[PDB]
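Notes follow the structure.
Letters A, B, ... are given to chains in the order of the sequence lines, protein chains preceding strands, and every chain is numbered from 1. The figures that follow rest on heavy atoms only: side chains count, while hydrogens, waters and symmetry mates do not.
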Amino acid sequence: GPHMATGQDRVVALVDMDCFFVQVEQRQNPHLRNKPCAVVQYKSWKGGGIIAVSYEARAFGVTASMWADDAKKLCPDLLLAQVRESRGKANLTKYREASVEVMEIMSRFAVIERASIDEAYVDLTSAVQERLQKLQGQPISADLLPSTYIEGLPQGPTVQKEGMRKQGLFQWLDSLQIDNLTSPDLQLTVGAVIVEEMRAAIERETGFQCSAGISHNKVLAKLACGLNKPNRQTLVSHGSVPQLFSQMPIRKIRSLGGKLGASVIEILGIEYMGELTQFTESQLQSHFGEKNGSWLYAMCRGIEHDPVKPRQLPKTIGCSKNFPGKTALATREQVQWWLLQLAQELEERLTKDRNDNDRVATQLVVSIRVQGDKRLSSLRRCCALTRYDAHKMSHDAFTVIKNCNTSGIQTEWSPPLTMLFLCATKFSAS
DNA sequence: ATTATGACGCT
DNA sequence: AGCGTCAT
Ligand SMILES: Nc1ncnc2c1ncn2[C@H]1C[C@H](O)[C@@H](COP(=O)(O)OP(=O)(O)OP(=O)(O)O)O1
Ligand SMILES: [Ca+2]
Ligand SMILES: [Mg+2]
């Protein structure tokens, strides 16, 4: 009853760029704008691998994880932009730099958590309290929410999508009770006003469009964001959760898309998030562990407490390359040449990071994969990172892995290496 | 031959 | 620490 917390204490948004690497390439090359197009890395094997797809191209069935040659079968006029190659490998610098553009604009409105290269969480609780006082109990006009969807509305007593959006928004606003400065629904609404402003700023200042979700926590904000992509934002209220979750496959919720989510489904014999409510907290803890059990018990009620971390910068800087199939590294000097290439890119990124961000990495992590294994990593080893020098780092990397070499001859490498990975970690201020 | 990343959990 | 899971 009155003591039952409802997880409505915060306003959290998740902002996710639409088709992000494609938009980065479309800004650069106007010929690609408003076209079926995709971003591809490498080319020789099956046309290259697609890693981003414009919404026009998605209409033909083109997806990421698809080979370009197969995508071209679905969409013959598909336009392609290639990821830059440097020192023999894909280089994602253009997209990392575009990410920084967006992250810095968002940071003007509130403290953000960088969740990926193209999305960030925002805790807007304080900002909402602020805007609420300047409003002075003045109603929120629909005009302040021109791209907002209210999930679950309209309901009850039509052809158009935009017409439906406004119908829902009007029902929402008509029911709002703006006299209450602590009404969670009002707080979410003001949150949505701020996110309209944030998203307008991003588009004005970068040319990039994005979607967003506004709710009371990170998981609901993330889920909300995807409900109306692209170029729209969605408010998921606490009240909307029972209907939303009643038909929501468990795998859709962030962290449940893998083995844990499959286990929830198998063990409990359920399909939808809402079905979790019928279990006690102790029951869920018994199957999934103390932390997961408590998390699930609250999450299926729309409640989650994970804070938006004040972290705008990545915690690690890494360089990785696969050597598939026949290209697997079978000689020592192959291994050393590629360790150097990776180390040279790593040094480049590390030196720029030190200048920009006043920090220095102190630990180097070296990872390889051997032909045979289908784990991502076969072996992970750390060593000290004392100097930003590629030759030193590549020599150090070689030292920590050289005994993985089974071949009695030391010119050769067996089994051949199908992956190298260098990662700089454990930053300190400098 | 679904690549190049990046965060967080377990023991 | 090294490994696994999940994610984009
Ligand atoms: N598995 C991956 N491998 C390599 N790059 C990826 C992968 N997934 C995503 N990316 C890159 C390319 C994406 O443009 C970018 C952001 O990913 P993501 O948000 O999932 O899709 P997207 O921004 O391209 O489309 P949208 O968000 O509109 O569905 O990160
Ligand atoms: Ca995105
Ligand atoms: Mg994303």
- [ ] Kindly say if A:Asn322 contacts the phosphate of B:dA1, meaning a side-chain N or O under 4.0 Å from OP1 or OP2.
- [x] no
Task: A:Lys321 NZ - B:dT2 P separation (whole Å) - done: 14 Å
Task: Interatomic distance where CZ belongs to A:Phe288 and P belongs to B:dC10 [whole Å] - done: 15 Å
Task: Per A:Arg381 side chain, nearest of listed nucleotides B:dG9, B:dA4, C:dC3 - done: C:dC3
Open item on the list: Distance check needed: B:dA4 P versus A:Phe323 CZ, whole Å only.
Closed with: 8 Å
TODO: Identify whether any heavy atom of A:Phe421 sits under 4.0 Å from a base atom; if not, whether one sits that close to sugar-phosphate; answer base, sugar-phosphate or nothing.
DONE: nothing
Open item on the list: Under 3.5 Å, is there a donor on one side chain and an acceptor on the other for A:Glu266 and A:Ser263?
Closed with: no
TODO: Write down the distance between CG (A:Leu379) and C1' (C:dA1), rounded to a whole number of angstrom.
DONE: 12 Å
- [ ] Could you tell me the separation between the CG atom of A:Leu256 and the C1' atom of B:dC8, rounded to a whole number of Å?
- [x] 15 Å
Task: Nearest listed nucleotide, side chain of A:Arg375, among B:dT5, B:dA7, C:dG4 - done: C:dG4
Open item on the list: Please report the distance, rounded to the nearest Å, between CG in A:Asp118 and P in B:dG6.
Closed with: 13 Å
- [ ] Look at the rings of A:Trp45 and A:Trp67 and say which category their plane angle falls in: under 30° parallel, 30 to 60° tilted, over 60° perpendicular.
- [x] perpendicular
